Amino acid sequence: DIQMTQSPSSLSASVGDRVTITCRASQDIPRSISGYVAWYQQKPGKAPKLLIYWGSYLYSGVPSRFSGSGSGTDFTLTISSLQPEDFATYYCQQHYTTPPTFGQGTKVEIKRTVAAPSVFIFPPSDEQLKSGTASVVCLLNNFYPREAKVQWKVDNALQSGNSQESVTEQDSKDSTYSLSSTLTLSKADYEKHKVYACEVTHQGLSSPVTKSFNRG
Amino acid sequence: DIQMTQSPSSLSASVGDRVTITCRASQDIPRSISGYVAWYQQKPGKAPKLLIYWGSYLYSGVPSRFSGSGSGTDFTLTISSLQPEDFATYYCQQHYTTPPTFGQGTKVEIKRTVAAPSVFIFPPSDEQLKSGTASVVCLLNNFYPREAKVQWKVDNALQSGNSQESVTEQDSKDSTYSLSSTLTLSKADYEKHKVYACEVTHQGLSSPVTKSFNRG
Amino acid sequence: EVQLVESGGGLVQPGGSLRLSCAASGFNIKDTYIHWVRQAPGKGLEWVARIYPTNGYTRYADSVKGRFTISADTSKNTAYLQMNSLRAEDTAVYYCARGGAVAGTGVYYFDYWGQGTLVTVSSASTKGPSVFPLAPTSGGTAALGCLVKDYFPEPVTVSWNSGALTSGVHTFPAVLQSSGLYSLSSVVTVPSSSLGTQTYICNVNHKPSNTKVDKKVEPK
Amino acid sequence: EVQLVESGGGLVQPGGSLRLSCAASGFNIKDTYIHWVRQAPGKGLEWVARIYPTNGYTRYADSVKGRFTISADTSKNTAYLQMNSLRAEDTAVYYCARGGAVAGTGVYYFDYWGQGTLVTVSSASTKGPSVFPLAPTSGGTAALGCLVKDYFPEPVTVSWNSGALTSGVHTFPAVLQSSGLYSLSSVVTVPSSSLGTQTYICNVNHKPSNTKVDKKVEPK
Amino acid sequence: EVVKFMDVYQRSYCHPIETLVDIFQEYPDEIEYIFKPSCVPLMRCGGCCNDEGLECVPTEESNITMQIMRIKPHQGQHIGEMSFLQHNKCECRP
Amino acid sequence: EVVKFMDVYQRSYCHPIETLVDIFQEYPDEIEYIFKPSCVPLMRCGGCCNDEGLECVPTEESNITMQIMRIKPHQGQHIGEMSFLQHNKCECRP
Ligand SMILES: [Cl-]
Ligand SMILES: [Cl-]
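In structure tokens:
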């Protein structure tokens, strides 16, 4: 049984950069032995695709900026000029023995120019306002880097414990993120108040951006 | 058993001429078969020497003017530029089978410019004149071609039945012949007569040459 | 045109059973290894099992040996994984994959993968979602969306205008509410000027509950 | 330096016997075929016999089978021909010859020949020769010689001045006299001016009679 | 100073290669002669298919004619024109 | 269109020639792997000496190192550096 240790665990690099990812086999295999590792790319919610087989051969249809090498215990995947569509997790796999095993992955993020979010706020629908619940949504669209803070204000008052965020995976063409924050109240407590605001902090914004509506 | 028929039986050719001699095997052998014939040269009173082996290969030390070829039943020895020392009998030999057999030979004579004989006559010795017999000798030296007539005169009278000729083999350097005629008498009949003459006819001589001595 | 199509995923209870299928095409499974490989949510890839269809030779990961059985029916060109005594840690996307032939011998890498089938091992019950609109110049562009709320298990899909509108669309990863149901939002950015005359419909699909809802999203 | 040296020829009576030897040197007879080949006077060459010395395999011409036996003694590097029940038609020069090795197998041609040994099968008896001088301007050159008369069997040799004078020498083929003995003359041409001061000696040798005579040849 | 997997694979794979073939094999019913040389260089199917249920067999063949010394031992020798089979295209089959 | 006796003799005679050698022969104690390719081109002593009491044997030898796929069947595969014997001079001996 070979375990494969993959490194780095994650990295951030810019378009055109050379990226190098390594895989080390746990077992003592000498340098005369090679060609027992394959590498895969997995984009979010997709099946892995094979990139390199038998240590260093490029699989048909894979762009030529991908290559691999290695021997003994030590293998390498190189991306010679990183593209935005190379956002992915990359996995090595040994087939020196059965079971074949996978490294645990390297998450590659594309570092790009700073872009501030566009902010939009959404009242709850009347259809939901029946039911018993009110959901208020804030959206931060197409921003980089990923760090951003979102503050919900209700009649100037600041909220906590009633909001959940989701963030998209890095976009495969422009390298941006979007984020949603969902404020969840009882219909009761919703109907008590007038102004609902979303305040957004981000490196791209020289000062906080706030979006709001009044109920009605 | 293969018999080999060699042709020609004899020939006369000039220095520098190309000479061609053939050998035919008696048995039906097809053209895909070759290399079973050797050729030899025999000079007078000498052992044969090998010239060509395996149909067409030149034996080491043999001049390059000699060559051979053939197939099936038909073989050829060529002398590309005949030299005076090529005076010889030439024999083929088959070794397709045992017994190995020889053709019956081709006698090669060198044709050269006409040269008249030098004539000398020799009285019998006194030592022999004891014994009971007298031998008189005429010599024709270094002549070409080989045809020559020798007439013994004793006191003008012409002799018959008491003379034997010998002729040398063609000389290996100048291509000439010499000839001796020996007149054999009883001492009795020798001592009866005064003048002894040798008369010589030859193409090189515009008229007969005569040599003589008187007994004493 | 090599394809592998997995089916038979879905919700199943602890201790329960489930059979997965993989329908192969563009090749004979006779000539290759078939494998199942799974991926627990947010985690790495873990090989589970392999079949050599001709002779029916099987191998398994220790984590699944004696509970899972892999097989292949060469006449239907289909591979199966029978899963017994399921626990929560078996929850994952399950992928079928092949190892083709080179130099007259199966390769030990995975050259084609199907798109996977989610298996959720849980005691909770199926709930279909309610879908609420998210209605709106912020520099000439409006955003709109659909809040897809209270569903179980995963997954949900969302298209806009029957799959015709895909530019500017972000469908957010589902979050699990402290209630035990999922929610997600899907948004799109469209020209502000378009709002009077053009319509925007989100098509939500949650197959586990057989729910299939269209919802129009407009101002006011 | 390959050599083959035949001996043991000579006169022998009809019905008699004779053994010929061939001493080889510069090679091992072990590695080759040894042959005897003969030539009757004035005739062609006729193969008689062959030996493969190692195993002692023999082959013969029909004309000699059951009367002749060929053998080889590898330790003396010598081949033999034992000749029985000799007739006049066996009269000939007998030559030993070899067929060397090429491509690890004996060749079937004759690559070296010794110089031969004369065998004369006759009822007549040995007679040594009497040697008489042949004594002499015919254009500045004199001829002289020796008449070598009444001998049997062949051959005779003649040199001039112990083999020192060979230019201008002709030794004639022997003729058989109606008496049954042979005679021949040998002549040389020398400068006429030389006759007063230089001497000329013919050295005659007839080994069958053990005769060995020198004779001075001069005018008067 | 190490031959690379794809060279090897390429050079080893089923093809016509120059091969020294004993003549006695080609003419196994020869009681009469020994041959010189005893073996001849012919283009023949050599290599691997790398698939136990396949073998490297010729498709297209042509006769070549050679001059061979035929020795009937203790009897004689001659040079004979001998026909030998040659392979021009090899290919992997069952 | 006929090969001449001295060419043949010359081409057939004992020399190093390119020969396809099964790997299983070179490593006959291999229980563990199948090999790809299964045979490799090596310079080896081939030809005839034309003399029953002689054989064509190598004088001077050198190791060559190649990349071979080693498949442990139903277990896995890898690429292995394998040493094979080569003949640089051949010559006829007893
Ligand atoms: Cl197992
Ligand atoms: Cl016999």
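Residue numbers (the numbering used here), protein chains in the order written: chain L, 791 to 1006; chain B, 791 to 1006; chain P, 73 to 292; chain F, 73 to 292; chain H, 1257 to 1350; chain Y, 1257 to 1350. Ideal Cβ placement from N, Cα and C applies to all residues, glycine included.
State the DSSP-derived secondary structure class of residue 41(F), mapped to helix, strand or coil. Nothing can be reported for residue 41(F), as the shown portion of chain F is limited to 73 through 292.
Say yes only if the C-beta of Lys137(F) is nearer than 7 Å to one or more non-hydrogen atoms of ligand 2, and no if none qualify. On the fourth sequence, residue 137(F) is found 65 positions in, with the first residue counted as 1. Yes, the Cβ of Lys137(F) comes within 7 Å of a heavy atom of ligand 2.
So the alpha helix (DSSP H) residue 293(F) belongs to, where does it begin and stop? This structure cannot speak to residue 293(F), because chain F is shown only from 73 to 292.
Proximity to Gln873(L) [Cα-Cα], best of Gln960(L), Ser799(L) and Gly994(L): The residue given as residue 873(L) occupies position 83 in the first sequence. The shortest Cα separation from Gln873(L) among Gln960(L), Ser799(L) and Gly994(L) belongs to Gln960(L).
Have a look at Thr795(L) and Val136(P) and give me their C-alpha separation to the nearest angstrom. Within the first sequence, numbered from 1, the residue matching residue 795(L) stands at position 5. Within the third sequence, numbered from 1, the residue matching residue 136(P) stands at position 64. Taking the straight line from one Cα to the other gives about 23 Å.
Using only Cβ atoms and a threshold of 5 Å, which residues come within that distance of a heavy atom of ligand 2? Order them by chain position. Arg131(F) and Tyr132(F)
Cα-Cα separation between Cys1346(H) and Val1296(Y), rounded to whole angstroms: As a working mapping, residue 1346(H) is identified with position 90 in the fifth sequence. As a working mapping, residue 1296(Y) is identified with position 40 in the sixth sequence. Their backbone Cα atoms lie some 17 Å apart in a straight line.
Whole runs of the alpha helix (DSSP H) within the region 83-109 of chain F, excluding any shorter than 4 residues: none
Give the residues from the region 138-149 of chain P that approach chain Y closer than 9 Å (Cβ to any Cβ), ordered along the chain. none
Compare the beta carbon distance of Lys977(L) and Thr923(L) with 8 Å and say whether it is the shorter of the two. Taking the first sequence and counting its residues from 1, one reaches residue 977(L) at position 187. Taking the first sequence and counting its residues from 1, one reaches residue 923(L) at position 133. Yes; because the gap between Cβ atoms is below 8 Å, this pair is in contact.
Measure the Cβ-Cβ separation of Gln1333(Y) and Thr888(L) and say whether it is below 8 Å. In the sixth sequence, counting from the first residue as 1, residue 1333(Y) sits at position 77. In the first sequence, counting from the first residue as 1, residue 888(L) sits at position 98. No, the Cβ-Cβ distance between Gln1333(Y) and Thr888(L) is not below 8 Å.
CA-CA distance, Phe224(P) and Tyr254(P)? The count along the third sequence starts at 1 and reaches residue 224(P) at position 152. The count along the third sequence starts at 1 and reaches residue 254(P) at position 182. Approximately 6 Å between the Cα atoms of the pair.
Determine the direct distance from the alpha carbon of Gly851(B) to that of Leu76(F), and round the result to whole angstroms. Locating residue 76(F) in the fourth sequence gives position 4, counting from the first residue. Locating residue 851(B) in the second sequence gives position 61, counting from the first residue. Spanning the two alpha carbons is a distance of roughly 18 Å.
What residues of chain P sit near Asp1307(H), judged by a beta carbon separation below 7 Å? Counted from its first residue, the fifth sequence places residue 1307(H) at position 51. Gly176, listed in chain order.
Should the region 157-168 of chain P be called in touch with the region 192-205 of chain P, which here means at least 3 C-beta pairs below 8 Å? yes
Give the range of the alpha helix (DSSP H) segment to which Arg1267(Y) is assigned. Counting from 1 along the sixth sequence, the entry for residue 1267(Y) is found at position 11. First-last of the alpha helix (DSSP H) with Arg1267(Y): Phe1261 to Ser1268.
Inspect the beta-carbon positions of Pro907(B) and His992(B) and report whether they are closer than 8 Å. Taking the second sequence and counting its residues from 1, one reaches residue 907(B) at position 117. Taking the second sequence and counting its residues from 1, one reaches residue 992(B) at position 202. Cβ atoms of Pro907(B) and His992(B): closer than 8 Å.
Using the three-state DSSP reduction, which class does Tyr986(L) fall into: helix, strand or coil? For this step, residue 986(L) is matched to residue 196 along the first sequence. It is a strand residue.
Cutoff 8 Å: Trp829(L) Cβ touching any chain Y Cβ: On the first sequence, residue 829(L) is found 39 positions in, with the first residue counted as 1. False, the Cβ-Cβ gap to chain Y never drops below 8 Å.
Within chain L, the residues that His278(P) reaches when beta carbons sit closer than 8 Å: Translated into the one-based positions of the third sequence, residue 278(P) becomes position 206. In chain order: nothing, as chain L lies at least about 16 Å away.
Roughly how far, in whole angstroms, is the beta-carbon of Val276(F) from the beta-carbon of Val228(F), given that I think they are within contact range, below 8 Å? On the fourth sequence, residue 276(F) is found 204 positions in, with the first residue counted as 1. On the fourth sequence, residue 228(F) is found 156 positions in, with the first residue counted as 1. So it is a contact: roughly 6 Å between Cβ atoms.
Per DSSP, what kind of secondary structure is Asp286(F) in: helix, strand or coil? As a position in the fourth sequence, residue 286(F) is number 214, starting the count at 1. Note: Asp286(F) maps to strand in three-state DSSP.
Which of the residues in the region 810-823 of chain L, read from start to end, lie with their CB under 7 Å from any CB of chain Y? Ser822 and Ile823
For a test of the three-state rule: what should DSSP assign to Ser1294(H), helix, strand or coil? Taking the fifth sequence and counting its residues from 1, one reaches residue 1294(H) at position 38. Looking at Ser1294(H) - three-state DSSP - the assignment turns out to be coil, as it is neither helix nor strand.
I need the straight-line Cα distance from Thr146(P) to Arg170(P), nearest angstrom please. The residue you call residue 146(P) lines up with position 74 of the third sequence. The residue you call residue 170(P) lines up with position 98 of the third sequence. Answer to the nearest angstrom: the Cα atoms are 14 Å apart.
Is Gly1302(H) helix, strand or coil by DSSP? As a working mapping, residue 1302(H) is identified with position 46 in the fifth sequence. Three-state result, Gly1302(H): strand.
Helix, strand or coil for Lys148(F)? Go by DSSP, reduced to three states. Here the question's residue 148(F) lines up with position 76 in the fourth sequence. Here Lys148(F) sits in coil by DSSP.
Which one of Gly994(B), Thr863(B) and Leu973(B) has the shortest CA to CA distance from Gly825(B)? Against the second sequence, residue 825(B) aligns to sequence position 35. Comparing Cα positions, the closest option is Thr863(B).
Does the distance from the C-beta atom of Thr283(F) to that of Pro201(F) stay below 8 Å? Numbered from 1 along the fourth sequence, position 211 holds the residue referred to as residue 283(F). Numbered from 1 along the fourth sequence, position 129 holds the residue referred to as residue 201(F). Result yes, Cβ atoms of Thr283(F) and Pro201(F) sit closer than 8 Å.
Per-residue burial, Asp183(P) [other beta carbons within 10 Å of its own, 16 or more giving buried]: Residue 183(P) sits at position 111 when you count from the first residue of the third sequence. Its Cβ being crowded by 16 or more others within 10 Å, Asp183(P) is buried.
Tell me residue 1078(B)'s beta-bridge partners as DSSP assigns them. The requested residue 1078(B) is not part of the displayed model; chain B covers only 791 to 1006.
Determine, using beta carbons only, whether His1334(Y) comes closer than 8 Å to chain L. Here residue 1334(Y) corresponds to residue number 78 of the sixth sequence, with the count starting at 1. Output row for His1334(Y): interface = yes.
So is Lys1345(Y) in contact with chain H if we call contact Cβ pairs under 8 Å? The residue you call residue 1345(Y) lines up with position 89 of the sixth sequence. It does not: the Cβ of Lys1345(Y) has no partner Cβ on chain H nearer than 8 Å.
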